[PDB]
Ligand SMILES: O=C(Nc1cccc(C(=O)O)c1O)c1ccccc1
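One chain comes next, on its own, written out as structure tokens in the form deposited without the named molecule.
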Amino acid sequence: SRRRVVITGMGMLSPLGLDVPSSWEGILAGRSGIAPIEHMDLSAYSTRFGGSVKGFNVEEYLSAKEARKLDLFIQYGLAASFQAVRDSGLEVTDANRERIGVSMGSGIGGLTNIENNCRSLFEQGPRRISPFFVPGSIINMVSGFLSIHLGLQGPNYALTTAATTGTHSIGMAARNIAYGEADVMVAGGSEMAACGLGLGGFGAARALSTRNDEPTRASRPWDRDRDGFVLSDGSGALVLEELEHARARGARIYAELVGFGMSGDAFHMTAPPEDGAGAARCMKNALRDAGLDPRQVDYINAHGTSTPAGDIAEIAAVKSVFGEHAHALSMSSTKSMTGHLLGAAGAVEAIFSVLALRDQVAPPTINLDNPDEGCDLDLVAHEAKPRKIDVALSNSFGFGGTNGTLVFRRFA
């Protein structure tokens, strides 16, 4: 936390829109992006719906030749990254290209491509595997391809930490800038896990909601009838920049990234401790890194995935950290609308947290019809809430008990 880090560009693909403003309009209207899945036939599946990206045209970003070599998760990551870089207005030159890097991650990476190449392998043998199978499927190729396309020669890496991926990606990129390893980073995450292995894998783990009769009502964080998360696809990217660098070029600054915290639960592979102790440690770590007291937090974009154990653990953790102030802040889960974008969740939610600061509005938790026992905070049920927001937190808690929190502030 030596140099200051601000956000100067954002980009997104989500189930609510093919860019940031379309998605945000959806969020503030309480719109659902969840529908029956169209791109595959799901009769053997217990979950037949999810949050797809609708109408994506990769040829707005890449040639058809380039695009056919890359898994969808890479296409989505590059689309968000290009949007964010364009949004920032930054011009890459010989004088600065060594100072600009990339940290775009994914939870599961190129599962569609792997499954398609596996089909070829099993039907017709190894000679039918694509030559582009490896570089078109490995998780670090969003960072790799972005760097090649834009001539970025700074730190170049990729995280994979399940639902925490996007949060880790952004926080670690911010550390690179704070410590002088880069002046600008493109950071975030992307996911497209809606293939048979993904839907079938999460379904085999009984992780997913099975509310096929009412898909838009399936994702219902903190609601007593919740029954697992909704699988969603897309990407989010931010342009993080050192403050004096941004000021010097006249950049538009959305917000300041002031804190990043991490912890491990060290408890269980998929279930949190019921008191959310690891989440509490993570949020405290983030606030201590920001030099902020818990009483200064106005809004939390929750992890809130619509799981029985997870949702109530996060309430417990918020109550532990914030004490009486827990009833003054607002906390919402935008996964009520978007579903769970896995490795992209923390990226799209960071963008929502920044826009909550820009617009002074807490996005809703839709579908919060009957809050569960102990779920008595301001969860922004049903409808967006205009309010004062100086400090916003975004939480991500992932398989393995891996936790991350980002803290954003209105800039001055």
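Residue positions are given as counts along the sequence shown, with the first one as 1. The term rigid core refers to the most C-alpha atoms you can superpose between the two forms while keeping them within 1.5 Å.
Displacement analysis by core superposition in 4 other deposited structures of this protein ranks 38 to 46 above the other of 373 to 381 and 38 to 46 in root-mean-square C-alpha distance from the shown form.
Two stretches are in play, 1 to 9 and 402 to 410, and the higher mean C-alpha B-factor belongs to 1 to 9. Between 369 to 377 and 34 to 42, the higher mean Cα B-factor belongs to 34 to 42. Reading the B-factor column for the CA atoms of 306, 120, 156, 232 in the entry, the top value corresponds to 120. Comparing the C-alpha B-factors of 198, 171, 107, 188 in the entry, the top value falls on 198. Sort the chain's modelled residues by C-alpha temperature factor and residue 247 lands in the highest third, per the entry.
Among the modelled residues of the chain, residue 260 sits in the lowest third by CA temperature factor in this PDB entry. When the modelled residues of the chain are ordered by their C-alpha B factor, residue 344 lands in the lowest third.
Among all modelled residues in this chain, the alpha-carbon of residue 179 has a temperature factor (C-alpha) in the highest third. Sort the chain's modelled residues by C-alpha temperature factor and residue 52 lands in the middle third, per the entry.
What follows is about the form solved in complex with the named molecule, which we do not show.
Listed stretches are 84 to 92, 323 to 331, 237 to 245, 119 to 127; the contact stretch with the named molecule in the bound PDB entry is 84 to 92, by a heavy atom cutoff of 4.5 Å. Among 41, 60, 369, 359, the residue placing a heavy atom within 4.5 Å of the named molecule in the bound PDB entry is 60. Under a 4.5 angstroms non-hydrogen atom cutoff, the named molecule in the bound PDB entry has residue 150 among its neighbouring residues.
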